[PDB]
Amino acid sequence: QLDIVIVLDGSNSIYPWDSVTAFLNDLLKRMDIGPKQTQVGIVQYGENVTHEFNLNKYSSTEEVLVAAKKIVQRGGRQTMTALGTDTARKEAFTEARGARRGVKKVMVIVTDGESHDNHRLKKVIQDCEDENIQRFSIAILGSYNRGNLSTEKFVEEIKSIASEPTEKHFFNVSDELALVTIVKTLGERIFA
């Protein structure tokens, strides 16, 4: 059984959002969701954080897909990935929000920018390590490539968020429309 929390960058740079909800749909529909099966919560972050829904809010896959399709982009000029990730760790993965005792914890972090808080990342990721939270991280290079931005540090930061081995837990996605192409591999790895 798996408790999976998706930590979704909602910043304005990500476009179109339909591509993100398509990714969520395609990923989640492959799961058997339920109190004795897989649970999913989703946290959206930008400049702040929102719990879109709790791990124990929904008891079927069909419910989660309907909820997923309805997540709206909250925007943000900046990217508080350390805040989003840390909020997933200490709020989303609590029994109060449906986390199940003794069940494995998996975080899937999806982002298209370097965080403002880079600084607190080392510590947040260390607490995740301490708490055995397996992390998959997905860097979307679309907005950066579209602004002729250097993606080197960006990719390094997101790689650094993923669990080792990096080549299993980190995904470099060129652009938003390409997000749906990783779903099979992402799913296979999460449920290895």
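Just count from 1 along the sequence shown to find any residue number.
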> Which of the two stretches, 150 to 158 or 61 to 69, shows the higher mean Cα temperature factor in the record?
Replying inline: 150 to 158
> Looking at the deposited entry, does 130 to 138 or 160 to 168 carry the larger mean Cα B-factor?
Replying inline: 160 to 168
>> Taking only the Cα B-factors deposited for this chain, tell me whether residue 33 sits in the lowest, middle or highest third.
In response: middle
> Compared with the other modelled residues in the chain, in which third is the CA B-factor of residue 192?
Replying inline: highest
> So where's residue 39 on the chain's Cα temperature factor ranking, which third?
Replying inline: lowest
> Considering only modelled residues of the same chain, in which third does the CA B-factor of residue 121 rank: lowest, middle or highest?
Replying inline: highest
> Based on the entry's values, in what third of the chain does the Cα temperature factor of residue 79 lie: lowest, middle or highest?
Replying inline: highest
